Amino acid sequence: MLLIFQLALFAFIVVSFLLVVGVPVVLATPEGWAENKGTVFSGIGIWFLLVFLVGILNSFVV
Amino acid sequence: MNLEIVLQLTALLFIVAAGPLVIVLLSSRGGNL
Amino acid sequence: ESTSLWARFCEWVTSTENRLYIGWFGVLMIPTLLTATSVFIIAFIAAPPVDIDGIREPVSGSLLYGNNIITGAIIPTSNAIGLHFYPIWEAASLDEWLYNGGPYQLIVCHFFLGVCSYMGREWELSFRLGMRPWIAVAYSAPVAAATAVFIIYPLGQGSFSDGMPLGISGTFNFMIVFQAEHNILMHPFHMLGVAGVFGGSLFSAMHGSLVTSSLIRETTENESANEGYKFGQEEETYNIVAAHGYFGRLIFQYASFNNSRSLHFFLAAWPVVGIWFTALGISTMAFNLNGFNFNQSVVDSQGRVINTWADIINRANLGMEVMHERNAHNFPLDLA
Amino acid sequence: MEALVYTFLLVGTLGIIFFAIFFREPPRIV
Amino acid sequence: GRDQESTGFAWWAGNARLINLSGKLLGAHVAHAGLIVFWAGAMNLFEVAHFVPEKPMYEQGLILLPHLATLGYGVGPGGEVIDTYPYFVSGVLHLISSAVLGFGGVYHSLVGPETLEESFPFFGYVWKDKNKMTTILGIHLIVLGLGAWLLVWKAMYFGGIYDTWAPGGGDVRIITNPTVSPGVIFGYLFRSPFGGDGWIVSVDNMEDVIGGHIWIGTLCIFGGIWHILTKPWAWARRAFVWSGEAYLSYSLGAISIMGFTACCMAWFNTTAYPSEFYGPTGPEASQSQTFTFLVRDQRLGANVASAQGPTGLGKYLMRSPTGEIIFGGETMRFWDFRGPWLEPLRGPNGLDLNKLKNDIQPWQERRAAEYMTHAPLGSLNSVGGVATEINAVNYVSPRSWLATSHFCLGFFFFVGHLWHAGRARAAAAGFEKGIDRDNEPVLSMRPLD
Amino acid sequence: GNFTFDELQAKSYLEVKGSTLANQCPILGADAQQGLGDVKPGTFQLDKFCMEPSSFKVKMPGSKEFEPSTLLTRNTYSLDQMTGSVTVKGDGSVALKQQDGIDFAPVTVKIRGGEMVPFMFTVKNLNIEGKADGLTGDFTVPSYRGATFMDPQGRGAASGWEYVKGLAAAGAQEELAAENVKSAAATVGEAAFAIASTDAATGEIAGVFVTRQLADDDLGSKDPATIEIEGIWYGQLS
Amino acid sequence: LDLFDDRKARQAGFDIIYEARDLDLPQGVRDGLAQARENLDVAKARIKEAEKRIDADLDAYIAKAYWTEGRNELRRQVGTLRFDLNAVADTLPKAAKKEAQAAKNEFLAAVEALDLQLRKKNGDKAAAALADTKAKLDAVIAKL
Amino acid sequence: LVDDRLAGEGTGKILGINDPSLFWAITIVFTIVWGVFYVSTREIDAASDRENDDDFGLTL
Amino acid sequence: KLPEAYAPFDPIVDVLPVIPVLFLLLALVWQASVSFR
Ligand SMILES: CCCCCCCCCCCCCCCCCC(=O)OC[C@H](CO[C@@H]1O[C@H](CO[C@H]2O[C@H](CO)[C@H](O)[C@H](O)[C@H]2O)[C@H](O)[C@H](O)[C@H]1O)OC(=O)CCCCCCCCCCCCCCCCC
Ligand code: CLA
Ligand code: CLA
Ligand SMILES: CCCCCCCCCCCCCCCCCC(=O)OC[C@H](CO[C@@H]1O[C@H](CO)[C@H](O)[C@H](O)[C@H]1O)OC(=O)CCCCCCCCCCCCCCCCC
Ligand SMILES: CCCCCCCCCCCCCCCCCC(=O)OC[C@H](COP(=O)(O)O)OC(=O)CCCCCCCCCCCCCCCCC
Ligand SMILES: CC1=C(/C=C/C(C)=C/C=C/C(C)=C/C=C/C=C(C)/C=C/C=C(C)/C=C/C2=C(C)CCCC2(C)C)C(C)(C)CCC1
Ligand SMILES: CC1=C(/C=C/C(C)=C/C=C/C(C)=C/C=C/C=C(C)/C=C/C=C(C)/C=C/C2=C(C)CCCC2(C)C)C(C)(C)CCC1
Ligand code: OEX
Ligand SMILES: [Cl-]
Ligand SMILES: [Fe+2]
């Protein structure tokens, strides 16, 4: 269970880094926000799912 | 050269490189800066 | 035409035709400053000795009690009182009031209020005359410095006795004891303040000499150029281009100021920021955050100590520390 | 004896300041 | 963005280009709030990861952890850290919420509506519209009152807050009877700021703190409701300048006063800033030194009451200028100090000679020695002791850091208030760009004497 | 006074602080019997013995009459919490001895001419005896300044320069030989106490006192003056 | 100099101040929390002394209306009572320590009420709170 | 005691008022100045040649 | 210290608080890249 929790935390970190790097780039291009909305929405959803999963799994490793 | 110090330096490099990366990406592709 | 008593009073107070502007900040400024001035003069001339350390050891500071201008001062309030409010009506008699150091507190409070009102009145006249309101912002640096040496340092040290005396030799004593206790010379904020004053003198001399060197000929050799300038004239009286050419050949072209407005802003900004930082340093050192302590820093292979100029400074500080108050200490640590 | 001299010097300086402020040569716009 | 060509503001004054852009201004404010929450979370995580249990909180350079300790989180009787998990939880929550706040700020600053006065009339405003500004002020007053009530609920129903004056040593108590007396609340507010009085810094029990917070929450909620339903009167319209920079200057002055008060409270207070988590104060160290030297010399067979110093005043005990029995030496200026370890030995007329001659406790002696050695003195490179010491101790008190930093911030924000108030008053009148050559005001006045 | 021991103990430190009530001695209640009263003869343990002065008079050296004075050092002139022993005989003779407690307080007063007169108000080693009408005795008056006290020029008895370091050329300074020597010698005084009330129920006594002693001499560099101190006093017998 | 025999001062606690200032030692040793946990005899003696002092002296002070003396007594020697009770109760099984914790919480609430009444300067209410506090302290002592 | 004094420093009174006479002085002077201002505040406003409506004041 | 399950991520925590200063520097860098128009 500990390994799964650490893998989830690492996935959360890498998803957060990808979002931080990419969201300003997508938002700051001409006619890029109006087209690549789905990728940003899916990234935000995955970020929220990962944070909820990490919060749930923290109760067993602590 | 401790492993912990190497990891801290790697994390610092990753965090610092995330700032001008956005500027470089937006300037190279002609974004709205 | 004004008719009401209050309307006429407001028109008189906010009048720009007075010889000295009064304003609404001057209403507060004039009586407090007059009170402080009167008490200062009377105490400097004929005040009795004041017990400053609270150890029943009065210190003389008056001209009538065997002092000159260099030696005379106004002794700060007694150490027994501390930070307590000590107005003239809280004393059993004026003899007791003068023995504990009341005039110092009176003058300090009135002077603080007066300088704040002075800065406010500077803004007020700038507004009334149609100017831009930042000469008051410039004055904030000396105001902050005076506040730091008279209010904030006693606030952080727990007593008005650690405040700066209103004298010359008292000022020197304050400086020496401050160095012995906080190592002010090693403080980066004091270094910035020293840089500020030195650069201010440098740039004042530089600007004055450059302007005086480019005066356009409007007189003869038997009269001064000041007679060559006429008050209220419209044309500029010196060659900014010539001065810039001279300076840019003195150092290099892109080091001088081609913009008079930018040059004068730099002149305003340098000393003001320097004094701001030095006042901040004094206020920070009030709460016991001293300067750099490079004592026994250089150590050789076997562990012995190799001394340094910092260690010589430390020896001087130790010399002036064990003697700043001979009989006021009963315990080894000066925690205040 | 010297206290009188000190007070006289200070009073003279203050009087000079007062006279300089209130009896100055008025500027005139040409 | 924009440029100096169409704005007149240079790059070093570029944030003034969004004075009249409501959407971009809102985005900037939301991004800044996200930055604040990010710093809070990151600093909490940094401090929780570098905490060792063998040293007290004030000995490890922590400033955010003692804030959570005073709320009764992860602390036990006597002021000893037991659990360190709630600090981690708080830091994680702050850090995660900062991401949402930052995304909102970035969205509203980059691709959000530029001026939300036509599509969102409820959120749109004009700086010169007094009613809308007053409505916003009322809404935020209601929010702040709710925050104060949220603080109040913690000390009553959700486990309480740390009380350093609790009987049998400090412990996390529950405040059941807060002081809501108008005379008590008004006594702190309209008190003198000088020694002995101390203004609001002199609050000495948690009941007064909770009562004052009840008062402030009720006042803020009532004022918010009052402002939502009203508009400024004639006497208020006649006295203020109505522009965004003017409102900014007012806020700057208010928060400068707040910063000075925070500095003084950190330096002087002991109730809301327990010495168990912040270390001894200025006066506390001196009183502790005198107390421990008195105890040591008494253990060596000496008469402390009748001992005479070099000046003839009293080595250990003397009389305050009003009559109270106080510690002797240069600590005679700190006789207004009142701490939990020293109060039990104090009688109605000051220190009790019999109590300190026969009823001094080892825990009191240990507290005095610890607060004596950890005095709030240090250097810029974190070297403990007086300026004439050696490099042996790496310690600077957490009170010193907070006090110095917040005094600097308060002074700089006072200067900012001066700058912005002057500029607003000049710009509203209409001569912030210089004097008019055609119509110079001075040329139309009669010359002075 | 105008407050009893129970009334004083019924207050709080925050209520007494700043009101100058800590510089005063308690008075007895209506139950106190006049004079010695009905105390069983014997030796008691004196406790909470305090003396609150009510007047200071100064007789300058060269004058035969005392003069009024104005205090300059505020409310710091009350001796309190002294302990000792009290013996009562069957005839009525009482003997009082003071061992410990705060039995000294420096005081400074100003006189008609304008001269500050420091003195060391103390009843250290009090030894009085006599009838309840009046007890006559004596006490020791320690030096105002300690042996390690250093004058403005750094001259002290047990620590400091033995000469004037400023005047380097004057090798011996035979003109300054008087002021270069410091002596912190002690002296004695006289007391005259009386008893006005006594409560045998709780063992409390009160009365008045008059004491005479000498002012300071700046470590043997001045001629001391005579100062008369009078006031009330209070004590507990148990 | 002149010699003096003070070798018995160490047996009187001369090293407490020097040990409390020893930065090499841990904070638990400096504060005395380590010694009490190691040696429960000190904790038991302190608890018994605190109980006896509370009873006798609180009765005496409330009878004579000595509010400041009463509060100071409540926090002068009793100042280690919470830590001592926690240390004693931590060496008990789960159910026994749970009952001890409940009794200690009830007793501490009683002491808080008594201190509040002493601060408010009430006589009958303070006497009733003191009787309740004595009963609760006896119950929690019997539980341990 | 030897002499008499106010004995009020370091107490914590509201505005430093130990006697009702200080309160009376403060209130009387404040009320006098306020009344003088209140009589004239109507005339003072009229010097701007504008009515004190919701758009009054220095605005930008 | 951090809980035992979060021990491997300690180096990440040690560099977090400098990000606001990095943000100020990034604003300056963006202004420079825009060429201070
Ligand atoms: C309405 C308008 C104002 C009306 C009144 C104006 C009066 C002006 C008089 C003239 C002199 C100037 C003001 C002097 C202030 C001195 C403050 C001081 O001695 O002390 C400050 C007090 C601290 O009070 C302390 O409070 C302490 C609290 O006591 C208790 O505190 C705890 C209580 O639990 C502990 O138990 C503790 O042991 C116990 O002692 C003690 O009582 C101390 O004796 C007491 O001194 O703080 C406070 O009042 C809180 C903060 C006050 C404001 C900020 C002060 C610092 C900034 C100064 C001004 C700005 C400077 C920078 C700009 C310069 C350019 C313009
Ligand atoms: C406290 C932070 C701060 C904030 C929030 C703002 C906010 C703002 N600035 Mg100001 N500014 C600041 C400091 C700040 N500034 C400083 C220090 C300076 C001096 C150098 C300036 C000087 C300045 C100028 C000269 C101008 C502004 C303008 C603007 C506004 C328009 C933005 C834009 O058009 O360009 C944004 C440009 C880019 C596309 C760069 C994108 C980089 C992104 C935003 C980085 C943040 C991303 C982060 C790493 C990850 C977040 C994602 C999330 C999922 C976690 C914006 C609201 C403009 C304006 O006036 O508008 C009318 C403009 O003209 N500013
Ligand atoms: C967030 C802070 C806040 C701010 C910025 C404002 C801002 C403003 N208020 Mg509002 N207000 C607030 C909170 C706030 N208020 C609260 C909490 C209440 C409930 C008490 C009120 C009740 C209120 C009233 C009744 C009035 C205003 C008015 C005004 C305007 C006049 C400015 C002024 O104060 O004159 C400058 C200030 C003064 C000349 C002196 C004030 C200082 C007081 C007298 C100090 C002593 C406090 C007082 C006696 C309260 C008791 C203390 C407490 C312990 C109970 C201005 C828009 C006026 C208006 O225009 O309404 C539409 C007005 O008549 N306000
Ligand atoms: C609050 C309304 C403000 C309205 C606008 C005011 C504009 C400015 C006017 C001028 C102000 C400066 C001069 C004031 C002189 C009179 C006051 C004086 O000397 O009092 C000096 C007196 C001293 O009172 C002393 O009291 C002793 C017992 O305590 C004894 O009785 C002494 O005899 C007695 O003199 O103190 C007071 O009156 C207390 C004032 C308390 C004020 C509380 C204000 C609360 C609201 C504002 C909070 C923020 C305040 C600023 C904080 C940050 C500052 C950096
Ligand atoms: C310690 C004090 C002891 C007593 C006093 C000792 C002597 C002190 C100095 C006495 C003489 C003072 C000046 C006499 C001439 C004044 C003329 C005047 O103002 O208007 C007439 C004069 C009449 O001309 P009209 O108005 O055109 O009719 O008015 C002027 O404006 C004349 C222009 C010159 C103005 C004064 C020039 C400088 C005078 C000296 C300044 C320094 C004085 C230092 C001492 C101050 C007092 C302590
Ligand atoms: C607009 C603009 C600007 C600004 C901006 C800003 C200000 C922003 C902000 C932003 C922000 C403010 C952001 C934030 C973010 C955050 C995040 C993204 C977070 C994350 C987190 C995490 C991932 C965590 C993790 C963890 C856990 C869960 C547990 C423990 C461990 C750890 C820590 C690992 C500038 C200046 C450039 C200029 C131009 C314009
Ligand atoms: C929580 C708490 C508490 C409480 C508190 C409170 C309740 C407070 C309040 C407060 C307040 C209630 C405050 C107020 C303030 C105010 C002010 C600060 C004002 C100002 C004003 C001004 C500045 C004005 C000006 C002017 C003039 C004079 C003229 C014309 C123009 C104008 C209008 C601008 C206590 C302490 C108990 C305890 C602790 C905690
Ligand atoms: O008084 Mn002036 O100087 Ca402030 O530290 Mn401690 O106390 Mn005294 O010695 Mn160092
Ligand atoms: Cl000392
Ligand atoms: Fe110039």
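Rules used in this analysis
- Residues numbered from 1 in each chain as written, not as in the entry; some residues may be left out.
- Chains lettered and ligands numbered in written order.
- Part of a larger assembly, values for the part shown.
- Heavy atoms only, no water.
- Helix = DSSP H or I, 4+ residues; strand = E, 2+ residues; numbered from the N terminus.
- Contact = heavy atoms within 4.5 Å.
- Donors = N, O, S within 2.8 Å, 3.2 Å for Na, K, Ca; no water.
- UniProt positions renumbered as here; feature names shortened; annotations may be inferred.
- Pairing = 2+ DSSP bridges.
- 1 Å grid on protein atoms, 1.4 Å probe; cavity = no way out; pocket = protein on both sides within 12 Å on 5 of 7 lines; lining within 4 Å.
- Points joined across faces, edges and corners; volume = space filled by probe spheres on them.
- Nonpolar A, V, L, I, M, F, W, Y, C, P; charged D, E, K, R; others polar.
- Buried < 20%, exposed > 50% of the residue type's maximum accessible area, 1.4 Å probe, protein only.
- Buried area = accessible area lost by both parts, 1.4 Å probe.
- Salt bridge = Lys/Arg side-chain N within 4 Å of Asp/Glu carboxyl O.
- Polar contact = N/O pair within 3.5 Å; in protein donor to acceptor, adjacent residues only side chain to side chain.

- As stated in the entry header, the method of structure determination is cryo-EM and the reported resolution is 2.95 Å.

**Topic: the environment of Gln253(C)**
Residue and element names in this part refer to chain C.
Okay, step 1: With respect to the element layout, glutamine 253 can be found in the loop between α8 (240-250) and α9 (260-286).
Okay, step 2: Sequence separation between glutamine 253 and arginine 8 is 245 residues; the distance between their C-alpha atoms is 58 Å.
Okay, step 3: Residues contacting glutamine 253, with those up to four places away along its chain left out, are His244 and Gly248.

**Considerations on the coordination of the magnesium atom of ligand 3**
Okay, step 1: Coordination of the magnesium atom of ligand 3 by the protein comes from a single atom, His227(E) (NE2), at 2.3 Å.
Okay, step 2: Within the secondary structure, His227(E) is located in helix α7 (residues 206-228).

**A closer look at the UniProt feature "transmembrane region" (unreviewed entry) in chain H**
Okay, step 1: When the UniProt feature table is mapped onto this chain numbering, "transmembrane region" (unreviewed entry) sits at residues 22-40 of chain H.
Okay, step 2: Secondary structure content for residues 22-40 of chain H is 100% helix and 0% strand, while the C-alpha to C-alpha distance between its ends is 28 Å.

**Brief notes about the pairing of strand β9 (residues 127-131) of chain F**
Residue and element names in this part refer to chain F.
Okay, step 1: The pairing of strand β6 (residues 94-102) with β9 spans 4 bridges and is classified as antiparallel. Paired with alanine 95 across the strands is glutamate 129, a residue of β9.
Okay, step 2: In terms of strand pairing, β9 meets strand β10 (residues 134-141) through 5 bridges, oriented antiparallel. In the sheet register, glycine 130 faces β10, and the bridge partner there is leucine 135.

**Things to note about empty space enclosed by the protein**
Okay, step 1: Enumeration over the complete set of coordinates arrives at 14 cavities of 30 Å³ or more.
Okay, step 2: Volume-wise, the largest cavity comes out at about 270 Å³.
Okay, step 3: For the largest cavity, the lining is made up of 24 residues, of which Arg56(C), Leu313(E), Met318(E), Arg319(E) and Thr76(F) are closest to its centre.
Okay, step 4: By residue class, the composition of the lining of the largest cavity is 13 nonpolar, 7 polar and 4 charged.

**Points about α8(C)**
Okay, step 1: When α8(C) is considered as a whole, its buried residues turn out to be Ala243(C), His244(C), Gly245(C) and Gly248(C).
Okay, step 2: Where α8(C) is buried, its residues touch α7 (188-212) of chain C.

**Re the interface of chain G and chain E**
Okay, step 1: Taken residue by residue, the interface counts 41 residues in chain G and 41 residues in chain E.
Okay, step 2: When chain G packs against chain E, close to 3600 Å² is buried across both sides, 52% of that on carbon and sulfur atoms.
Okay, step 3: Of all residues in chain G, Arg75(G), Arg76(G) and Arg82(G) bury the most surface against chain E, accounting for 19% of the area lost on that side.
Okay, step 4: The interface formed by chain G and chain E holds 8 salt bridges in total.
Okay, step 5: Between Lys355(E) and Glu69(G) there is a salt bridge, and its shortest N-O distance comes to 2.6 Å.
Okay, step 6: Counting across the chain G and chain E interface gives 15 residue pairs in polar contact.
Okay, step 7: Sorting the residues of the side of chain G that touches chain E by element identifies α1 (16-20), α2 (27-31), α3 (33-38), α5 (67-74), α6 (81-89) and α7 (94-120) of chain G as the ones contributing at least two each.
Okay, step 8: Counting residues per element, the side of chain G that touches chain E draws most heavily on α7(G), at 6 residues.

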